[PDB]
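**Q** Below are the structure tokens for one structure; questions will follow.
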There are 2 protein chains.
Amino acid sequence: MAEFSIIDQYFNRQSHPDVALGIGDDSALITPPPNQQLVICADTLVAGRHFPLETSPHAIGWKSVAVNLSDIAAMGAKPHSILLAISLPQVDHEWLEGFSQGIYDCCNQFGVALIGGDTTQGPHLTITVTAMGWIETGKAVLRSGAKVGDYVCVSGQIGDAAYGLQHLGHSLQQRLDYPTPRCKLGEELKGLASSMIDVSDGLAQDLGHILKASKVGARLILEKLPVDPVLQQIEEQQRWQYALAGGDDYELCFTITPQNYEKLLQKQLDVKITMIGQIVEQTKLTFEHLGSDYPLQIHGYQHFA
Amino acid sequence: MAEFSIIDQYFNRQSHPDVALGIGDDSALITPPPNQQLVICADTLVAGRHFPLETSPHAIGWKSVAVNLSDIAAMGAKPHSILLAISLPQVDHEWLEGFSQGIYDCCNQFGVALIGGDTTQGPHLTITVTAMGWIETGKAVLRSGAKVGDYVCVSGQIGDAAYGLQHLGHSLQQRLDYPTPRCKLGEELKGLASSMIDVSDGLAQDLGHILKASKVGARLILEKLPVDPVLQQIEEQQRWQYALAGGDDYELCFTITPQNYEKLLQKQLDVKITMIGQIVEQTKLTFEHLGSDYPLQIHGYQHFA
Ligand SMILES: Nc1ncnc2c1ncn2[C@@H]1O[C@H](COP(=O)(O)OP(=O)(O)NP(=O)(O)O)[C@@H](O)[C@H]1O
Ligand SMILES: Nc1ncnc2c1ncn2[C@@H]1O[C@H](COP(=O)(O)OP(=O)(O)NP(=O)(O)O)[C@@H](O)[C@H]1O
Ligand SMILES: Cc1ncc(C[n+]2csc(CCOP(=O)(O)O)c2C)c(N)n1
Ligand SMILES: Cc1ncc(C[n+]2csc(CCOP(=O)(O)O)c2C)c(N)n1
Ligand SMILES: [K+]
Ligand SMILES: [K+]
Ligand SMILES: [K+]
Ligand SMILES: [K+]
Ligand SMILES: [K+]
Ligand SMILES: [K+]
Ligand SMILES: [Mg+2]
Ligand SMILES: [Mg+2]
Ligand SMILES: [Mg+2]
Ligand SMILES: [Mg+2]
Ligand SMILES: [Mg+2]
Ligand SMILES: [Mg+2]
Ligand SMILES: [Mg+2]
Ligand SMILES: [Mg+2]
């Protein structure tokens, strides 16, 4: 069982209809759907840094795909295919069975094909997935575009995964191990959201990228943050730290005019949406709690920080 | 200095006019050229396995791009853009300056844009580049197209990089550190070559992928293998070993009819071309030396083998 048999045994299932050439050649081939731009991203997962060392192989495979689909969704785009680059310290059939099952379970959930990649030996388990999607030309939702008066919104709940990481064994570890990329919501926000980012590093810092790109600020209402009932019972200063600086949420944070927010609520969405503040002219991120200014020092996840 | 400053300092030179959305958002955007297919590949380099630990950062950056442009060329396609996923143990400005210089030197040599990527901390230096190209729809040169009677050809020289690795300091180390992706030759072989692969693992093993995909065999003439004058002066047995199983060549091995070969030889090419054998009906790779069968056992590079 060497490199090429590993690819054949675990990573070479047939794709959905729309792949001109999948695994088996030097590159993969995709015939573009008409009137669409290619949307492309890549994110790396390092064992022990992006997931606890004892994470199940299935959850490693799932999250390796999910975090990349999240960046496709963050543009308003529809995901199509992925490449899988994996560096393995050892060949372990049971690990490979579960990891590949996790890859395919995530791909199949969101209609994505695995069309290529690379397999290497390395001293440390490292995974880089490239995701490819398509969007109607010119309709991508950028990190720029937020305007004064726009609502700030976030999907789902924030802080779950960060609580789960420090409370391994708690049910909220499911949000650490199995984030849900908000694929359909991202598509439903095309033409409604004025800006958008996915929350991989922490709501405050990721919103900050929108604020900097859009040259605006924001005031967030801390008691509106959508946190789990478990986090509603912990002291508020640490509740805010999980919610705003925890990261690993893979929810969508977006801005939207009040008028377009009304339109969005009229849709049938597969995740909840919460308005948590609004965009303002002054170029600072500030916080308010129960009607008063709430000074808060927050730092999201950043490598080498 | 931390993650986001690193990206801005080293990996964020002004984006191509030909890129709809470059670095700065959750994904990159590309507007497809009309009547062309997307060609996409990704290859990982692990420090100490894909290059000597002491390899200069500039050479590491160059080769990270080059090996991926090679897989675009192996399809007959024109390279367009890359993503860069790098995992670093430490922040070293002198290393990052050289490495990013090598990334951009290779991109600029071949007209390619760096449009996105990912930056992580990890315990071991690991790089995965994704390359994107475009090709006239339907015209990709596949590993499965070889036909009985086709010539087997290879560009440049084979065995240089493998000798270089075993003789660090020798001028042939430059073929290990700075392989040349054969981009223009790949484009010139669109519509002429019946099959093609780039020689990353070893000519015999990589030719073997074509033979299996095409359900054919090949007979190669050992004294026609294009090797460096340095290898012409070493013992024959080791010469064949370097040439046929050395790997790291990043030359193009292709099959072509005699008639299309004559057309190819009338073109202005930036690399030499050698006919080294021919495709036969029996599904075996055999070798001939001085007009007699030459039994030979070689194995190319394969992880975990
Ligand atoms: N883990 C993986 N998952 C899915 N596809 C893969 C994976 N590893 C490799 N592939 C595909 O399997 C085929 C063979 O891969 P590979 O041997 O890496 O090709 P190559 O890049 O041309 N050679 P090399 O440069 O030596 O790695 C290609 O079509 C790859 O895209
Ligand atoms: N080494 C790199 N080379 C080129 N572009 C890069 C590199 N690292 C990151 N980028 C780009 O820089 C921007 C910020 O990257 P990044 O923070 O990784 O985005 P993200 O994936 O949305 N967040 P995260 O999931 O936390 O990594 C994106 O446009 C990336 O494509
Ligand atoms: C063992 C362990 N320690 C810490 C974390 C938290 N974590 C790791 S990377 C990251 C941001 C996204 O990464 P990137 O920016 O590299 O895409 C976060 C919040 C974890 N999940 N597991
Ligand atoms: C230090 C050192 N040891 C060995 C080699 C040789 N080598 C490494 S990977 C590979 C095949 C291509 O890799 P992959 O199949 O992963 O793309 C070859 C020929 C080297 N260059 N440096
Ligand atoms: K490849
Ligand atoms: K490989
Ligand atoms: K976005
Ligand atoms: K990304
Ligand atoms: K990152
Ligand atoms: K090919
Ligand atoms: Mg190849
Ligand atoms: Mg991401
Ligand atoms: Mg490869
Ligand atoms: Mg991050
Ligand atoms: Mg993102
Ligand atoms: Mg390759
Ligand atoms: Mg990233
Ligand atoms: Mg190989």
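By order of appearance in the structure tokens: chains A, B, ..., then residues from 1 within every chain, and ligands from 1 in the order shown.
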Once you count only C-alpha atoms and all ligand atoms, which residues end up within 7 Å of ligand 4, and could you hand them over as JSON, numbers by chain?
**A** {"A": [119, 120], "B": [43, 44, 45, 48, 49, 50, 51, 52, 53, 165, 176, 200, 201, 246, 247, 248, 301, 302, 303]}
**Q** Can I get the selection written as an mmCIF file, in the first residue's frame, with C-alpha atoms?
**A**
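Output file result_33.cif is given in full below:
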data_model
loop_
_atom_site.group_PDB
_atom_site.id
_atom_site.type_symbol
_atom_site.label_atom_id
_atom_site.label_comp_id
_atom_site.auth_asym_id
_atom_site.auth_seq_id
_atom_site.Cartn_x
_atom_site.Cartn_y
_atom_site.Cartn_z
ATOM 1 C CA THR A 119 -0.392 12.733 -1.756
ATOM 2 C CA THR A 120 2.959 12.935 0.047
ATOM 3 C CA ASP B 43 1.449 19.741 -5.580
ATOM 4 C CA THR B 44 2.959 19.796 -2.073
ATOM 5 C CA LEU B 45 6.630 20.265 -1.178
ATOM 6 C CA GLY B 48 13.745 17.653 3.703
ATOM 7 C CA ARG B 49 11.703 15.357 1.439
ATOM 8 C CA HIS B 50 11.125 17.421 -1.715
ATOM 9 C CA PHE B 51 14.251 19.523 -1.261
ATOM 10 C CA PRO B 52 17.381 19.386 0.908
ATOM 11 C CA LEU B 53 16.858 21.152 4.226
ATOM 12 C CA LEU B 165 21.002 15.488 -5.438
ATOM 13 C CA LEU B 176 17.526 19.954 -8.794
ATOM 14 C CA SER B 200 8.432 14.265 -11.823
ATOM 15 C CA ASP B 201 9.005 10.744 -10.451
ATOM 16 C CA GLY B 246 15.991 9.689 -11.017
ATOM 17 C CA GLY B 247 12.940 11.935 -11.116
ATOM 18 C CA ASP B 248 12.850 15.678 -10.445
ATOM 19 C CA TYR B 301 9.802 7.823 -6.891
ATOM 20 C CA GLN B 302 6.687 6.836 -4.944
ATOM 21 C CA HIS B 303 5.779 7.906 -1.417
#
**Q** Contacts between chain A and chain B, please, where a residue of chain B counts if it comes within 7 Å (with only C-alpha atoms); show its shortest atom pair and distance in Å to one decimal, rows by chain and ascending number, as a Markdown table.
**A**
| residue | atom | partner | partner_atom | distance |
| --- | --- | --- | --- | --- |
| B:2 | CA | A:304 | CA | 4.8 |
| B:3 | CA | A:303 | CA | 5.2 |
| B:25 | CA | A:143 | CA | 6.2 |
| B:26 | CA | A:71 | CA | 5.2 |
| B:27 | CA | A:41 | CA | 4.7 |
| B:28 | CA | A:40 | CA | 5.3 |
| B:29 | CA | A:39 | CA | 4.8 |
| B:30 | CA | A:38 | CA | 5.0 |
| B:31 | CA | A:37 | CA | 4.8 |
| B:32 | CA | A:37 | CA | 6.4 |
| B:37 | CA | A:31 | CA | 4.8 |
| B:38 | CA | A:30 | CA | 5.1 |
| B:39 | CA | A:29 | CA | 4.9 |
| B:40 | CA | A:27 | CA | 5.3 |
| B:41 | CA | A:27 | CA | 4.7 |
| B:42 | CA | A:117 | CA | 5.7 |
| B:43 | CA | A:118 | CA | 5.5 |
| B:44 | CA | A:118 | CA | 6.7 |
| B:46 | CA | A:122 | CA | 6.3 |
| B:71 | CA | A:26 | CA | 5.2 |
| B:72 | CA | A:27 | CA | 6.4 |
| B:74 | CA | A:26 | CA | 6.4 |
| B:75 | CA | A:26 | CA | 6.8 |
| B:85 | CA | A:44 | CA | 6.7 |
| B:116 | CA | A:41 | CA | 6.8 |
| B:117 | CA | A:42 | CA | 5.7 |
| B:118 | CA | A:43 | CA | 5.4 |
| B:120 | CA | A:303 | CA | 6.0 |
| B:121 | CA | A:303 | CA | 5.8 |
| B:122 | CA | A:46 | CA | 6.3 |
| B:142 | CA | A:25 | CA | 6.7 |
| B:143 | CA | A:25 | CA | 6.2 |
| B:197 | CA | A:26 | CA | 6.7 |
| B:302 | CA | A:3 | CA | 6.1 |
| B:303 | CA | A:3 | CA | 5.2 |
| B:304 | CA | A:2 | CA | 4.9 |
| B:305 | CA | A:2 | CA | 5.2 |
**Q** Please produce a file of the residues just selected, as a compact mmCIF listing (two decimals), in the first residue's frame, where the atoms kept are N, CA, C and O atoms.
**A**
# COMPACT_ATOMS: atom_id res chain seq x y z
N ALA B 2 3.23 39.33 12.40
CA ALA B 2 2.26 38.25 12.42
C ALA B 2 1.66 38.03 11.03
O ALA B 2 2.00 38.70 10.05
N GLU B 3 0.70 37.10 11.00
CA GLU B 3 0.20 36.50 9.76
C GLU B 3 -0.18 37.53 8.71
O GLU B 3 0.25 37.45 7.56
N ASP B 25 -9.62 38.95 -0.27
CA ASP B 25 -10.97 38.52 0.05
C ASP B 25 -10.95 37.03 0.39
O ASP B 25 -9.89 36.39 0.42
N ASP B 26 -12.13 36.47 0.66
CA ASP B 26 -12.18 35.07 1.10
C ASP B 26 -11.78 34.10 0.00
O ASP B 26 -11.16 33.07 0.27
N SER B 27 -12.11 34.43 -1.25
CA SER B 27 -11.65 33.70 -2.41
C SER B 27 -11.17 34.70 -3.46
O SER B 27 -11.45 35.90 -3.38
N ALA B 28 -10.45 34.17 -4.44
CA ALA B 28 -10.11 34.91 -5.65
C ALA B 28 -11.16 34.65 -6.73
O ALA B 28 -11.86 33.64 -6.71
N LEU B 29 -11.25 35.58 -7.69
CA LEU B 29 -12.19 35.47 -8.81
C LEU B 29 -11.45 35.56 -10.14
O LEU B 29 -10.62 36.45 -10.33
N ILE B 30 -11.80 34.67 -11.08
CA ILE B 30 -11.23 34.68 -12.42
C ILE B 30 -12.36 34.64 -13.43
O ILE B 30 -13.28 33.82 -13.31
N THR B 31 -12.30 35.51 -14.44
CA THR B 31 -13.26 35.49 -15.53
C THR B 31 -12.73 34.56 -16.62
O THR B 31 -11.66 34.84 -17.17
N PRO B 32 -13.40 33.45 -16.92
CA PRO B 32 -12.84 32.49 -17.88
C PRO B 32 -12.75 33.08 -19.27
O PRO B 32 -13.64 33.83 -19.70
N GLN B 37 -11.41 25.46 -21.35
CA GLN B 37 -11.61 24.74 -20.10
C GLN B 37 -10.59 25.16 -19.06
O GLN B 37 -9.46 25.52 -19.39
N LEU B 38 -11.02 25.12 -17.79
CA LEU B 38 -10.13 25.33 -16.65
C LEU B 38 -9.27 24.08 -16.44
O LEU B 38 -9.79 22.96 -16.46
N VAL B 39 -7.97 24.29 -16.24
CA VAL B 39 -7.00 23.24 -15.98
C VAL B 39 -6.42 23.53 -14.59
O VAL B 39 -5.88 24.62 -14.36
N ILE B 40 -6.56 22.58 -13.66
CA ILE B 40 -6.19 22.88 -12.28
C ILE B 40 -5.47 21.70 -11.63
O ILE B 40 -5.85 20.54 -11.83
N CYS B 41 -4.44 22.01 -10.84
CA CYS B 41 -3.60 20.98 -10.23
C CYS B 41 -3.03 21.55 -8.94
O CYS B 41 -3.04 22.77 -8.73
N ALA B 42 -2.54 20.67 -8.07
CA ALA B 42 -1.88 21.13 -6.85
C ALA B 42 -0.83 20.10 -6.45
O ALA B 42 -1.05 18.90 -6.59
N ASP B 43 0.32 20.59 -5.98
CA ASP B 43 1.45 19.74 -5.58
C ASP B 43 2.08 20.32 -4.32
O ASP B 43 2.28 21.54 -4.23
N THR B 44 2.40 19.44 -3.37
CA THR B 44 2.96 19.80 -2.07
C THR B 44 4.46 19.55 -2.06
O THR B 44 4.92 18.54 -2.61
N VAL B 46 7.51 19.25 0.84
CA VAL B 46 7.84 19.11 2.26
C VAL B 46 9.33 19.30 2.42
O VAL B 46 10.12 18.62 1.75
N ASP B 71 2.71 20.64 -14.38
CA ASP B 71 1.50 19.83 -14.54
C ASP B 71 0.46 20.52 -15.42
O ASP B 71 -0.34 19.83 -16.08
N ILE B 72 0.45 21.86 -15.47
CA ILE B 72 -0.36 22.57 -16.46
C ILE B 72 0.19 22.32 -17.86
O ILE B 72 -0.56 22.04 -18.81
N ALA B 74 1.88 19.79 -18.86
CA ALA B 74 1.68 18.39 -19.21
C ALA B 74 0.32 18.12 -19.82
O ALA B 74 0.11 17.04 -20.38
N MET B 75 -0.62 19.07 -19.72
CA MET B 75 -1.92 18.96 -20.37
C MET B 75 -1.98 19.71 -21.70
O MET B 75 -3.00 19.62 -22.40
N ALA B 85 -0.23 28.09 -0.49
CA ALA B 85 -0.51 27.73 0.91
C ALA B 85 0.82 27.36 1.56
O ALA B 85 1.45 26.38 1.16
N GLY B 116 -3.98 34.29 -4.53
CA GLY B 116 -4.53 33.91 -3.25
C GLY B 116 -3.68 32.85 -2.58
O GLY B 116 -2.62 32.46 -3.09
N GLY B 117 -4.15 32.38 -1.44
CA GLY B 117 -3.42 31.38 -0.71
C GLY B 117 -3.84 31.35 0.75
O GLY B 117 -4.91 31.81 1.11
N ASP B 118 -2.95 30.77 1.56
CA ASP B 118 -3.18 30.63 2.99
C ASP B 118 -1.84 30.60 3.69
O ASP B 118 -0.88 30.03 3.16
N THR B 120 -0.06 29.70 7.44
CA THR B 120 -0.22 29.07 8.75
C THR B 120 1.13 28.89 9.42
O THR B 120 2.17 28.84 8.76
N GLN B 121 1.08 28.79 10.75
CA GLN B 121 2.21 28.27 11.52
C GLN B 121 2.07 26.75 11.61
O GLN B 121 0.96 26.23 11.75
N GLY B 122 3.18 26.05 11.48
CA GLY B 122 3.19 24.62 11.65
C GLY B 122 4.58 24.17 12.09
O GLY B 122 5.53 24.95 12.02
N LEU B 142 -3.92 14.08 -22.91
CA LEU B 142 -4.21 13.19 -21.79
C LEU B 142 -3.15 12.11 -21.69
O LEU B 142 -2.44 11.83 -22.65
N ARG B 143 -3.07 11.49 -20.52
CA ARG B 143 -2.17 10.34 -20.41
C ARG B 143 -2.68 9.14 -21.17
O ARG B 143 -1.90 8.20 -21.41
N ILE B 197 2.94 13.34 -20.22
CA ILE B 197 3.06 13.43 -18.77
C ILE B 197 4.34 14.20 -18.48
O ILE B 197 5.26 14.20 -19.30
N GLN B 302 8.06 7.01 -5.41
CA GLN B 302 6.69 6.84 -4.94
C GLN B 302 6.67 6.89 -3.42
O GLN B 302 7.38 6.11 -2.77
N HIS B 303 5.85 7.78 -2.87
CA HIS B 303 5.78 7.91 -1.42
C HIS B 303 5.32 6.60 -0.78
O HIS B 303 4.47 5.89 -1.33
N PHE B 304 5.90 6.29 0.38
CA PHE B 304 5.60 5.10 1.17
C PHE B 304 5.96 3.80 0.48
O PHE B 304 5.59 2.73 0.97
N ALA B 305 6.65 3.86 -0.66
CA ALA B 305 7.13 2.64 -1.30
C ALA B 305 8.47 2.24 -0.70
O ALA B 305 8.75 2.54 0.46
**Q** From the list B:100, B:17, B:64, B:172, which residue is nearest ligand 2 when using only C-alpha atoms and all ligand atoms?
**A**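 Using only C-alpha atoms and all ligand atoms, the shortest distance to ligand 2 belongs to B:100.
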**Q** Find the residue from B:223, B:187, B:105, B:206 that sits nearest to ligand 13; use only C-alpha atoms and all ligand atoms when measuring.
**A**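 Closest candidate: B:206.
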**Q** When you draw a straight line from atom 1 (C, counted along the ligand's line) of ligand 3 to CA of residue 226 in chain A, how long is it in Å?
**A**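 We find that atom 1 (C, counted along the ligand's line) of ligand 3 and CA of residue 226 in chain A lie 24.0 Å from each other.
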**Q** I want to know what sits within 10 Å of residue 215 in chain B, based on only C-alpha atoms, with residues of the same chain fewer than 4 positions away left out; could you give that as a count of residues only?
**A** 13
**Q** Using only C-alpha atoms and all ligand atoms, which of A:245, A:23, A:112, A:221 sits nearest ligand 11?
**A**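 Closest to ligand 11, using only C-alpha atoms and all ligand atoms: A:23.
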**Q** Can you tell me which residues surround residue 272 in chain A at a distance of at most 9 Å, considering only C-alpha atoms, apart from same-chain residues fewer than 2 positions away, and format the answer as a CSV table (one decimal) with C-alpha atoms, in the first residue's frame?
**A**
chain,number,residue,atom,x,y,z
A,154,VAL,CA,-24.3,36.9,11.7
A,155,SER,CA,-25.7,33.5,11.0
A,156,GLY,CA,-26.1,30.6,13.4
A,157,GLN,CA,-24.3,30.9,16.7
A,269,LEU,CA,-33.3,29.9,5.2
A,270,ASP,CA,-31.7,26.8,6.7
A,274,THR,CA,-29.3,37.7,13.9
**Q** Can you check which residues of range 46-259 of chain A DSSP gives as helix (DSSP H, G or I) on the backbone and send them as number ranges by chain?
**A** A: 57-73, 93-109, 160-166, 173-177, 183-189, 203-214, 222-224, 229-232, 236-245, 258-259
**Q** So which one's closest to ligand 8, A:275, A:207, A:66, A:256? Using only C-alpha atoms and all ligand atoms, please.
**A**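 Selected residue with least distance to ligand 8: A:66.
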